[PDB]
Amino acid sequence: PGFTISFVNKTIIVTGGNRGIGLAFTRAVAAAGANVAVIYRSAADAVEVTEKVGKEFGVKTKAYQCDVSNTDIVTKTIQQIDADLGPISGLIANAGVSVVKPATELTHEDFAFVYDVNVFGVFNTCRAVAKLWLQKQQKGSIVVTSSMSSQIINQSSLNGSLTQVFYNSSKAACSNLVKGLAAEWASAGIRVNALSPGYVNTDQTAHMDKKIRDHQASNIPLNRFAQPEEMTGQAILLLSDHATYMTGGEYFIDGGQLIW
């Protein structure tokens, strides 16, 4: 016996999944038996990484160069993906960026950068996929990758902020957006939810400032940064049919940071 979730013959779209957390979602869903599309921006080795993933788990994988902030480019990639692997069963909007500068120095360009990917993009992908499912009367489940930063401001030092007000605020927008979409699409048997990670280990971490990184680790009850691997379980559940009564919600994987 055992609790089993299977995505065999099912395709899940996953943005920014050629690396970082996206790659964790990539493998996880695949390992669960899913065909997977890795949307990326300019990763030189994205097509490779994808291929490697698909051959390791015995599933159908294909990468796609695509700036989620671009309406038409996203509306096509989605139409295409649905021809290479349709019909679509689930989506995981994870592509995200950030700017770190004192608030007084943030420029319009910075705002645009962050919000076009971290907020407009998420919206863009969801609408695209939703219209499709709506058009063909297909049900679906969407998982938006937010952050605990939707609730708190991160620290870079004791009582000292990690300056990225556009990032944190874009994540708040993100988590709220999930509710707005779930609200309109619920009647169409379409579910939308947010997964919000805490401090996670990624390649960039080993190259960040150590005084900072340590401090960030000093106030986590679990006493450590997460591994991207620790974010996928909640996603599978959210995508699975076990979650028919779950929509418009935000699910934190913060290691207890939000307790303090």
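The first residue of the shown sequence is 1; numbering continues from there.
Peer 1: For the C-alpha atoms alone, is the average B factor greater in 18-26 or in 242-250, going by the entry?
Peer 2: The stretch with the larger mean CA B-factor is 18-26.
Peer 1: Averaging the C-alpha B factors as listed in the entry, name the stretch that ends up higher: 45-53 or 204-212.
Peer 2: Result: 45-53.
Peer 1: Which of these, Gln227, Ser218, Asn70, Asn193, has its C-alpha atom at the highest B-factor, as the entry lists it?
Peer 2: Highest CA B-factor of the listed options: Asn70.
Peer 1: Among the candidates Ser187, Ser141, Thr75, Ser156, give the one with the maximum CA B-factor reported in the record.
Peer 2: Comparing C-alpha B-factors across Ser187, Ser141, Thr75, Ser156, the top value belongs to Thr75.
Peer 1: Please say which third, lowest, middle or highest, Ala173 falls into when its CA temperature factor is compared across its chain.
Peer 2: According to the entry, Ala173 has a C-alpha B-factor in the chain's lowest third.
Peer 1: Name the third of the chain's ranked CA B-factors that contains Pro102, choosing lowest, middle or highest.
Peer 2: It belongs to the middle third of the chain when residues are ordered by C-alpha B-factor.
Peer 1: Looking at the entry's B-factor column for C-alpha atoms only, identify whether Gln137 ranks in the lowest, middle or highest third of its chain.
Peer 2: As the PDB entry reports it, the C-alpha B-factor of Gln137 lands in the highest third of its chain.
Peer 1: Quick check on the deposited entry: does the C-alpha B-factor of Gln80 sit in the lowest, middle or highest third of its chain?
Peer 2: Tercile = highest for this residue's CA B-factor.
Peer 1: Would the CA B-factor of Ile5 place it in the lowest, middle or highest third of its chain?
Peer 2: Middle third by C-alpha B-factor.
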